[PDB]
Amino acid sequence: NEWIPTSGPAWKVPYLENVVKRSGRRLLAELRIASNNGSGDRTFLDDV
Amino acid sequence: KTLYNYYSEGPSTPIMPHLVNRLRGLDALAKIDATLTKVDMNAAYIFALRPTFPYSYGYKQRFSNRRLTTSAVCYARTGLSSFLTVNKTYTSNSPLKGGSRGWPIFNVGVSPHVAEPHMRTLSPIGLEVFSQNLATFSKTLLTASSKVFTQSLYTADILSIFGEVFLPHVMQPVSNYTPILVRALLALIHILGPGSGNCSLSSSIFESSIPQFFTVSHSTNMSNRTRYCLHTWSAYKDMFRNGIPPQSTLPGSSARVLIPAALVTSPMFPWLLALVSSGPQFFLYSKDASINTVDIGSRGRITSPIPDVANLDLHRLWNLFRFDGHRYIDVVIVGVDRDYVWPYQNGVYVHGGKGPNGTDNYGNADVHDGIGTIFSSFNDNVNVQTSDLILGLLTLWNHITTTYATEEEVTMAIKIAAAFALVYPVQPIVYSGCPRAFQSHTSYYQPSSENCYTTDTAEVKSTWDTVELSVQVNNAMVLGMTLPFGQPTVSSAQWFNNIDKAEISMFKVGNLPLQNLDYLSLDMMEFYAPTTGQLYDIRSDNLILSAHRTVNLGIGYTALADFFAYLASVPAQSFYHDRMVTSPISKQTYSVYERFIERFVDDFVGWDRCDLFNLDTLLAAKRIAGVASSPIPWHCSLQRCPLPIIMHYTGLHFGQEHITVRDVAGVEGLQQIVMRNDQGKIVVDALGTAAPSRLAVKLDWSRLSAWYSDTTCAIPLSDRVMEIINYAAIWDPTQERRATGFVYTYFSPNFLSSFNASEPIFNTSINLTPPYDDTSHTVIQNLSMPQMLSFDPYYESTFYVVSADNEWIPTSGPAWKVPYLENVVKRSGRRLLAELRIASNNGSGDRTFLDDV
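Residues numbered from 1 in each chain as written, not as in the entry; some residues may be left out. Chains lettered and ligands numbered in written order. Part of a larger assembly, values for the part shown. Heavy atoms only, no water.

Going by the header, the method for this PDB entry is cryo-EM, and the resolution given is 2.6 Å.

In the annotation of the PDB entry, chain B is listed under the name Capsid protein and assigned to Giardia lamblia virus. The title line of the PDB record says "Capsid structure of Giardiavirus (GLV) CAT strain".

Chain A carries the name Capsid protein in the PDB entry, which gives Giardia lamblia virus as its organism.

1. Concerning the overall build of chain B
Scanning chain B from terminus to terminus reveals 24 helices and 29 strands. What you see for chain B is a C-alpha radius of gyration of 30 Å, in line with the 29 Å of a compact globule of 853 residues. Seen through its principal axes, chain B has C-alpha atoms that stretch 115 × 65 × 55 Å. Taking all 853 residues of chain B together, 59% fall into the buried category. Summing over all exposed atoms, chain B offers an accessible surface of approximately 33400 Å²; the carbon and sulfur share of this is 52%. Put simply, chain B has 62 plus and 70 minus side-chain charges, and the middle of one group is 3 Å from the middle of the other. (Helix = DSSP H or I, 4+ residues; strand = E, 2+ residues; numbered from the N terminus. Rg over C-alpha atoms; globule rule 2.2 N^0.38 Å. Buried < 20%, exposed > 50% of the residue type's maximum accessible area, 1.4 Å probe, protein only. Areas by Shrake-Rupley, 256 points an atom, 1.4 Å probe, with all protein chains shown as cover. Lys, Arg positive; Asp, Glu negative; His and termini not counted. Charge placed at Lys NZ, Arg CZ, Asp CG, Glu CD.)

2. Let's talk about helix α2 (residues 15–27) of chain B
Residues and elements named next belong to chain B. Counted at 1.5 Å a residue, the expected span for α2 with its 13 residues is 18 Å, and the 18 Å between its end C-alpha atoms agrees. Of all the residues in α2, the buried ones are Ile15, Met16, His18, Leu19, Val20, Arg22, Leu23, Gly25, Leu26 and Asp27. Structurally, α2 contributes buried residues whose contacts are with α1 (3–6), α17 (544–567), α18 (585–603) and α20 (643–650). (Expected span 1.5 Å × (residues − 1). Contact = heavy atoms within 4.5 Å.)

3. Thoughts on the sheet that holds strand β22 (residues 499–503) of chain B
Strand pairing in a sheet relies on backbone hydrogen bonds, with the paired strands running either antiparallel or parallel. All names here are of chain B. Taken in spatial order, the 3 strands line up as β4-β21-β22 in an open sheet, and their pairing is antiparallel. Of all strands in the sheet, those with a lone pairing partner are β4 (103–104) and β22, marking the two edges. Two strands pair when backbone bridges link them, and β4 and strand β21 (residues 492–496) are joined in this way by 2 bridges, in the antiparallel orientation. Paired with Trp103 across the two strands is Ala493, which belongs to β21. (Pairing = 2+ DSSP bridges.)

4. Points about the pattern of salt bridges
All names here are of chain B. Applying the stated criterion to the full structure yields 18 salt bridges over all chains. Across the salt bridge formed by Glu207 and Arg316, the nearest N and O atoms sit 3.1 Å from each other. No difference in accessibility class separates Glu207 from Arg316, as the two residues are buried. The structure contains a network of salt bridges with shared partners spanning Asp27, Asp537, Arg539 and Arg549. (Salt bridge = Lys/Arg side-chain N within 4 Å of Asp/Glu carboxyl O.)

5. Digging into the side chain of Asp578 of chain B
Residues and elements named next belong to chain B. When you line up the elements, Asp578 lands in the loop between α17 and α18. Within the structure, the side chain of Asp578 is placed 2.8 Å from the side chain of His577, a separation counted as a polar contact. Other than its neighbours up to four places away in sequence, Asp578 contacts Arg623 and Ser629. (Polar contact = N/O pair within 3.5 Å; in protein donor to acceptor, adjacent residues only side chain to side chain.)

6. Thoughts on the packing of aromatic side chains
Residue and element names in this part refer to chain B. According to the stated counting rule, one finds 46 aromatic pairs over all chains in the structure shown. A network of ring pairs unites the aromatic residues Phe162, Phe166, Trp233, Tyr236, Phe240 and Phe527 as a single cluster. Sitting above the plane of the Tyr6 ring, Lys1 keeps its charged end 4.2 Å from the centroid. Sitting above the plane of the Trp495 ring, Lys88 keeps its charged end 4.6 Å from the centroid. (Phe/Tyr/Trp six-rings, centres within 6.5 Å; stacked < 30°, edge-to-face > 60°. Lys NZ or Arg CZ within 6 Å of the ring centre and 35° of its normal.)

7. Concerning the packing of helix α8 (residues 178–192) of chain B against helix α14 (residues 407–417) of chain B
All names here are of chain B. Between α8 and α14, the least distance of the axes is 8 Å, while the angle of their chain directions is 50°. As far as their axial angle goes, α14 and α8 are oblique. Classified by chirality, the crossing of α14 by α8 is right-handed. Contacts from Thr178, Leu181, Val182, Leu185 and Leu186 of α8 reach α14 at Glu409, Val410, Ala413, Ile414, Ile416 and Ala417. Among the residues forming the contact of α8 with α14, the class breakdown is 9 nonpolar, 1 polar and 1 charged. (Axes fitted to C-alpha atoms, helices over the stretch in contact; angles between N-to-C directions. Parallel < 35°, antiparallel > 145°, perpendicular 65-115°, else oblique. Left-handed = near helix turned anticlockwise from the far one by under 90°. Nonpolar A, V, L, I, M, F, W, Y, C, P; charged D, E, K, R; others polar.)

8. Topic: unusual backbone geometry
Leave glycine aside and you will find that most residues have negative phi; peptide bonds, for their part, are mostly trans. Residue and element names in this part refer to chain B. The amide bond that connects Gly279 to the next residue, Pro280, takes the cis arrangement and shows omega of 0°. Position of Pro280 among the secondary structure elements: in the loop between α11 (268–273) and β12 (283–286). At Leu543, a position not held by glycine, the phi torsion is positive, near 115°. Within the fold, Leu543 resides in the loop between α16 (517–524) and α17.

9. Things to note about the nonpolar core
Residue and element names in this part refer to chain B. Counting residues in each nonpolar core, the largest one holds 221 residues, and the members touching the most others are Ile191, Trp271, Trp342, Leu393, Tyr593 and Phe600. Sorting elements by how many residues they give to this core places α17 first, with 15 residues. Sequence-distant contacts of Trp342, defined by excluding residues within four places in its chain, comprise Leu230, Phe269, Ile333, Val348, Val350, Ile374 and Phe375. Core analysis: the next-biggest nonpolar cluster, separate from the first, contains 17 residues, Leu159, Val165, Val334 and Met525 among them. (Core = buried A, V, L, I, M, F, W, Y, C linked by side-chain atoms within 4.5 Å.)

Below, the structure is given as structure tokens:
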């Protein structure tokens, strides 16, 4: 009864959140396949 | 209004009306829900006599990456709940840890002023007598009307015997009952004990809870006893010619009370003979002090019973007071036979009742010395449960308030009893010393302390506690204890080596009005019509609620007294044992403290000031013989309550918003302090800031708060070096050596560890150590009033807060640990539990069904 439940926790309370954060290797792959994609089948065979 | 409204408002320029209205409003907020008294007696006691006063506090530094306390919550309490002395059988001369060698006796006399009686309406018998003696007769010796001539004018042949006796009061029906209500309140509060739970000179000894068992004790030399004579109505009539005098004679017989035989058996009767007599006719102790006393450490550890508790006595505050009432009382008892047996003590024979050897119509009116001879419940060695010793007081208060008294009398009794409600120890004060750079400009260079006394050895003692409780130190500390208004004592008692002796001085600490027993007899014989329905306050009929009101009023009285002492610039050393030998400035400060107290009492209490506060005990100091005053300047005001309670009652604000950061660019707000020597060389030339004057504080009350932010440092625990001394000092032009330090009042680390509990209960399972913080392990707290704005009571001069090396600029703000306080609204867990039990889940049946009224 020293601690009142309405007053909130007196211990270590964790808190979580979902975050949008890509990895370094994912960004590296994105750079390799989109930014610096030369190919030739996408530069020339794009009229479809 | 609520506490949220009062905590959001501060003092105003007309300050006496503000303080008085604030105190009245706070009195209006003292509710304890009397239904609780019928379910939880102990919780009601704790809530009524030991108020909590929650507050929040923190520290703030400027250039530190260390993490200190920011918003901690504590609960501040004031006053001594009981007293610890050596037991009567202690023979040795060695000092005991926390056990005093004698307690003070706050002796109260008889007030020359008589409480003004208000009108009363006569009962049908009283109205019969009134319309009888007012009727026109024709004397004529044929009839009995002529018996006032042929026989003495005190004849009962025209009126009745009772009508003849009560003729003057039948002619003028008046009554007043505050003198007995004051004593009832004082008796309850002193028996149970209000305050913080501290019960000794040391600030580490505490009471585990409100006691549950008392022990009576008799002392011929120390008790203030009165003489009782017991008769019967028929036997009392036969003493005189044929009827008893309307006015009682001189010799006992100084007072007379008429009790119907149906009211003698009530539990209120022994407490009715008391509370009008002179006390204390008997002394009360805690039954076994080894189970109601604990020791609190610096960090908060509550240890096993007191190291030398086997040689200690736990006096109640009942033993610390002395009242002057009636010295001779005639108990009459009307409506009883000649075989009446006294139902309260074996071997006591009522005059006109049963005799010793089965005889009838006992012929001797024996005089009994002290209420302990009769009323075997008050015998020499009697163990008494708390409930059955307080039940009589409760019944007496309820009956008198709901039958014979009015609301005004109850309020007056509460306010008067609030003045004698609490007892405080000597004020402990520290002294930071002075910066080294001013070593040649000081008379008080070394840091020091005064009246700092703790006895716990489980943890590390603070460096400021250096008091060794010797005999002379014990006497000096005993003669420093004060009432809420600041009145000390010069009387004392000592029960040591099986020898008991009391030294009572002619100078009393106060006076209480005497209770007229004629009104008592008239009401209890139903000559006056009862005053039923003249109690519009719901708390005025219980006693416990009323006692809570007077305890709160007394704490308000002491808070306002400390605030007035700061306002009137009254040093804390004017209330020690050497207040009269040190320097006449004590009386010069009294000459303003008296004006402040007189205005407050004339504006709030409504009673005569000379009954509640004089200078008599202050001006009769004894100084002892071999106790030397510590080298401390008289810069600290009189203070017995910590800062949070003071700002609760007065409305002061000391938050963190008054601490400045202020990267300094210009010269605004700064002064240059120069001291040139004989040949013209400049030796000081320091930066300083001007301390505010009381006039500026009157026109701007925030200036005081900022003042508190400019000269306050957190007191260290293990070292005698305060960081404020590393940066700043006080420059006083009116001192021969102008440089000086800071004083502050210091309570104890243990007394503040006791503030970590929401309620004053500490046995073993309470955790007074604050977890996850650890800051209190090095810095204690600063709950003191700020430095006194004037060191002269009559003439105003400006002193300065000066820098020590000019590296720190005073305008830039403090560079030390600055504390900040705030009053917070935070109920306790047990208080909420009681509120749930008495309001949310109250079934009863008398409130579900008997609600139509």
